[PDB]
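A.B. asks: Here's a structure for you.
All Cβ positions, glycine included, derive from the backbone under ideal geometry; neighbour counts span all protein chains shown. No value in this document is a laboratory result; all are computed from the given coordinates.
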Amino acid sequence: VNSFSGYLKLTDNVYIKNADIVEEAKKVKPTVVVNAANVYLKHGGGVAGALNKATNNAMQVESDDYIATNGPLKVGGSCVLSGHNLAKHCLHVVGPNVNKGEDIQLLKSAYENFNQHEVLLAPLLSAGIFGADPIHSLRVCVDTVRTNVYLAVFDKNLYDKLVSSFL
Ligand SMILES: C[C@](CC(=O)O)(NC(=O)c1ncnc2[nH]ccc12)c1ccccc1
């Protein structure tokens, strides 16, 4: 039993809520929060910009040191860094950005990173500015992640569409 509240169960291991992931993280303080990162860990907008803002830019400072040491992530890859005030750990995961011509098939590889963690609070990957269809992303999530994932969907209209169209 854990501290997540008000989620709709989609499958044995996938749950979904219309919520701001930043507010969910501040309330729950989960072991792992997922960031929807780019390969440079430049946390400008969306989930990444909002999470970083809530850490008072400490996420960006840590991330710049990580990149200076290790170079960029792969599209489809991830790294584990601190969760700062929001969680024990942040799993920075890079979904493909279809607006940059990146292969949508890498979305499955991105979600595979979640399987290294027993429980995660996460957004839909490759949605929003990454260009991809959120309905497809939820489907890939459900068909790929085996560990327990609590999805926070920011847009109410999208949340309603995802639930009403889920199969
Ligand atoms: C717009 C969308 C999808 C949606 O969930 O509608 N979501 C978010 O950007 C989001 N989700 C959850 N909590 C959040 N806090 C602040 C922002 C935010 C999204 C954009 C880019 C990459 C992944 C997902």
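A.B. asks: Would you compute, from DSSP H runs of 4+ residues alone, the mean residue ellipticity of the chain at 222 nm, taking -39500 (n - 2.57) per run and dividing by the full residue count, rounded to the nearest 500?
C.D. replies: After summing the helix terms and dividing by the residues of the chain, the value is -10000 deg cm²/dmol.
A.B. asks: Which order do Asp155, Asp143 fall in if you start with the one that has the fewest other Cβ atoms within 10 Å?
C.D. replies: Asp143, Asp155
A.B. asks: Let me confirm the definition first: pairs of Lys residues in the stretch 8-163, 8 or more apart or on different chains, C-alpha distance under 15 Å. How many are there?
C.D. replies: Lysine pairs meeting the criterion: 12.
A.B. asks: Please compute the length gained on full extension between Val80 and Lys100, using 0.36 nm multiplied by the number of residues separating them and subtracting their Cα-Cα distance.
C.D. replies: 4.7 nm
A.B. asks: For the chain, what does the relative contact order come out to in percent, with C-alpha contacts under 8 Å and a separation of six or more?
C.D. replies: The normalised contact order for the chain reaches 28 percent.
A.B. asks: Something else about it: At what distance in nm do the modelled label points of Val163 and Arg139 sit from each other, each positioned 7 Å from its Cα along Cα→Cβ?
C.D. replies: Calculated label separation equals 2.1 nm.
A.B. asks: If each Cα of the chain is one equal point scatterer, what is log10 of I(q)/I(0) from the Debye formula at q = 0.12 Å⁻¹?
C.D. replies: Debye intensities relative to I(0), on a log10 scale: -0.46.
A.B. asks: Modelling each spin label as a point 7 Å along the Cα-to-Cβ direction, I'd like the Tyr7/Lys108 distance in nm, to one decimal.
C.D. replies: 2.4 nm
A.B. asks: If each of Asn56 and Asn70 carries a label point 7 Å out from its Cα toward its Cβ, how far apart are those two points in nm?
C.D. replies: It is 2.5 nm.
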